[PDB]
file final_37.cif (mmCIF, C-alpha atoms)
data_query
loop_
_atom_site.label_atom_id
_atom_site.label_comp_id
_atom_site.auth_asym_id
_atom_site.auth_seq_id
_atom_site.Cartn_x
_atom_site.Cartn_y
_atom_site.Cartn_z
CA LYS A 446 9.97 -59.22 -15.58
CA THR A 447 12.38 -58.18 -12.83
CA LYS A 448 15.56 -56.21 -13.56
CA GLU A 449 17.55 -59.26 -12.46
CA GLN A 450 16.12 -61.75 -14.96
CA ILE A 451 16.38 -59.06 -17.68
CA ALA A 452 20.08 -58.71 -16.77
CA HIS A 453 20.54 -62.47 -17.33
CA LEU A 454 18.83 -62.38 -20.73
CA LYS A 455 20.99 -59.48 -22.01
CA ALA A 456 24.22 -61.03 -20.72
CA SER A 457 23.34 -64.24 -22.60
CA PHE A 458 22.12 -62.39 -25.74
CA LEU A 459 25.25 -60.19 -25.94
CA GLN A 460 27.90 -62.91 -25.34
CA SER A 461 29.07 -63.32 -28.93
CA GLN A 462 29.22 -59.54 -29.58
CA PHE A 463 32.41 -59.55 -27.47
CA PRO A 464 34.54 -62.29 -29.08
CA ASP A 465 37.53 -63.54 -27.06
CA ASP A 466 40.84 -63.47 -28.93
CA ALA A 467 40.57 -67.17 -29.89
CA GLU A 468 37.41 -66.20 -31.76
CA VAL A 469 39.09 -63.11 -33.24
CA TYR A 470 41.98 -65.33 -34.40
CA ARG A 471 39.46 -67.76 -35.92
CA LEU A 472 37.90 -64.80 -37.75
CA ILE A 473 41.26 -63.56 -39.04
CA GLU A 474 42.02 -66.95 -40.62
CA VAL A 475 38.57 -67.27 -42.29
CA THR A 476 38.25 -63.59 -43.34
CA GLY A 477 41.85 -62.37 -43.71
CA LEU A 478 40.79 -59.11 -42.04
CA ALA A 479 43.11 -57.31 -39.62
CA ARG A 480 42.41 -57.62 -35.88
CA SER A 481 41.57 -53.91 -35.65
CA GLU A 482 39.44 -54.26 -38.79
CA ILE A 483 37.42 -56.98 -37.03
CA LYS A 484 37.23 -55.00 -33.76
CA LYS A 485 35.92 -51.84 -35.45
CA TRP A 486 33.22 -53.93 -37.19
CA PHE A 487 32.01 -55.52 -33.93
CA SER A 488 31.97 -52.24 -31.97
CA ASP A 489 30.00 -50.60 -34.78
CA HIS A 490 27.44 -53.40 -34.94
CA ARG A 491 27.03 -53.47 -31.15
CA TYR A 492 26.28 -49.74 -31.29
CA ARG A 493 23.66 -50.28 -34.00
CA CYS A 494 22.19 -53.39 -32.35
CA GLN A 495 21.74 -51.57 -29.00
CA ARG A 496 20.30 -48.44 -30.64
CA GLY A 497 17.80 -50.81 -32.27
CA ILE A 498 16.90 -52.32 -28.88
CA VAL A 499 16.65 -48.95 -27.07
CA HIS A 500 14.57 -47.19 -29.74
CA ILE A 501 12.04 -50.03 -30.01
CA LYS B 446 34.75 -55.78 -47.70
CA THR B 447 33.37 -58.88 -49.45
CA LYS B 448 30.05 -60.63 -48.85
CA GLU B 449 32.07 -63.68 -47.76
CA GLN B 450 33.89 -61.74 -45.02
CA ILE B 451 30.69 -60.06 -43.79
CA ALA B 452 29.08 -63.53 -43.62
CA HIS B 453 31.70 -64.77 -41.16
CA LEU B 454 31.41 -61.64 -39.02
CA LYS B 455 27.62 -61.88 -38.98
CA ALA B 456 27.61 -65.61 -38.17
CA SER B 457 29.94 -64.91 -35.21
CA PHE B 458 28.06 -61.81 -33.98
CA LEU B 459 24.67 -63.58 -34.07
CA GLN B 460 25.81 -66.82 -32.30
CA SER B 461 24.44 -66.18 -28.80
CA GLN B 462 21.09 -64.83 -30.06
CA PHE B 463 20.14 -68.44 -30.82
CA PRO B 464 20.80 -70.10 -27.45
CA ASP B 465 20.96 -73.91 -27.61
CA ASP B 466 18.79 -75.66 -25.06
CA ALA B 467 21.73 -76.08 -22.64
CA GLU B 468 21.90 -72.27 -22.66
CA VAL B 469 18.14 -71.93 -22.20
CA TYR B 470 18.30 -74.49 -19.36
CA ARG B 471 20.93 -72.25 -17.71
CA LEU B 472 18.60 -69.25 -18.17
CA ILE B 473 15.62 -71.06 -16.65
CA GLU B 474 17.59 -71.98 -13.53
CA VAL B 475 19.10 -68.46 -13.27
CA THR B 476 15.91 -66.44 -14.13
CA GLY B 477 12.97 -68.71 -13.28
CA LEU B 478 11.31 -67.79 -16.59
CA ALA B 479 9.58 -70.41 -18.72
CA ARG B 480 11.26 -71.90 -21.80
CA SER B 481 8.70 -70.14 -24.02
CA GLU B 482 9.02 -66.83 -22.17
CA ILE B 483 12.78 -66.91 -22.79
CA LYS B 484 12.31 -67.77 -26.49
CA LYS B 485 9.83 -64.90 -27.06
CA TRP B 486 12.23 -62.44 -25.41
CA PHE B 487 15.18 -63.51 -27.57
CA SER B 488 13.18 -63.48 -30.82
CA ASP B 489 11.89 -59.99 -29.96
CA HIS B 490 15.43 -58.80 -29.26
CA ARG B 491 16.75 -60.44 -32.44
CA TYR B 492 14.18 -58.43 -34.38
CA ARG B 493 15.07 -55.15 -32.65
CA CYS B 494 18.80 -55.84 -33.06
CA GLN B 495 18.55 -56.52 -36.80
CA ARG B 496 16.35 -53.47 -37.38
CA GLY B 497 19.00 -51.39 -35.63
CA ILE B 498 21.68 -52.89 -37.88
CA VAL B 499 19.49 -52.44 -41.00
CA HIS B 500 18.36 -48.84 -40.34
CA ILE B 501 21.45 -47.18 -38.73
#

call {"tool": "encode", "arguments": {"input": "final_37.cif", "output": "structure tokens"}}
result
Amino acid sequence: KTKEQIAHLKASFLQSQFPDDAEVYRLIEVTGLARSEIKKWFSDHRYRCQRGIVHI
Amino acid sequence: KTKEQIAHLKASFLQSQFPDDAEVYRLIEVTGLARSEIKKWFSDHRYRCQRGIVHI
């Protein structure tokens, strides 16, 4: 697989790890968590997800 | 943090790791990879992601 097509797969795979603020709002109203609470969670899970992908 | 809250965050985070076949269509026409080749890549990267999240 070329670097290009791998770039497209990651882009697509990672979309929902960077929620837009409509999605963050949606999360606030279903979770009751603070915006920054939600943000910290996502950032942390991205870090762990990527460390999973890189190690394997 | 409750199990309910974590469920909403997880459901959101994992969204784009299960591309619907409009998304996969978009990937075919942007990567030239087969439907099955795209599915195997995602599944593999779902596994690596979750192991990262589970073990870190």

call {"tool": "closest_residue", "arguments": {"input": "final_37.cif", "among": "B:458, B:492, B:465, B:474", "to": "chain A", "atoms": "all atoms listed in the file"}}
result
B:458

call {"tool": "residues_around", "arguments": {"input": "final_37.cif", "residues": "residue A:466", "least_positions_apart": "4", "cutoff": "12 Å", "atoms": "all atoms listed in the file", "output": "PyMOL selection string"}}
result
chain A and resi 461+470-473+480-481+483-484

call {"tool": "write_last_selection", "arguments": {"input": "final_37.cif", "atoms": "C-alpha atoms", "output": "compact mmCIF listing (two decimals), keeping the file's coordinate frame"}}
result
# COMPACT_ATOMS: atom_id res chain seq x y z
CA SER A 461 29.07 -63.32 -28.93
CA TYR A 470 41.98 -65.33 -34.40
CA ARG A 471 39.46 -67.76 -35.92
CA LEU A 472 37.90 -64.80 -37.75
CA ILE A 473 41.26 -63.56 -39.04
CA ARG A 480 42.41 -57.62 -35.88
CA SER A 481 41.57 -53.91 -35.65
CA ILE A 483 37.42 -56.98 -37.03
CA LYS A 484 37.23 -55.00 -33.76

call {"tool": "axis_aligned_box", "arguments": {"input": "final_37.cif", "around": "stretch 472-481 of chain A", "padding_each_side": "6 Å", "output": "JSON"}}
result
{"center_x": 40.5, "center_y": -60.6, "center_z": -39.7, "size_x": 17.2, "size_y": 25.4, "size_z": 20.1}

call {"tool": "resolve_selection", "arguments": {"input": "final_37.cif", "expression": "the PyMOL selection byres ((chain B) within 9 of (chain A))", "output": "ChimeraX atom specification"}}
result
/B:446,449-451,453-454,457-464,468,472,475-478,483,486-487,490-501
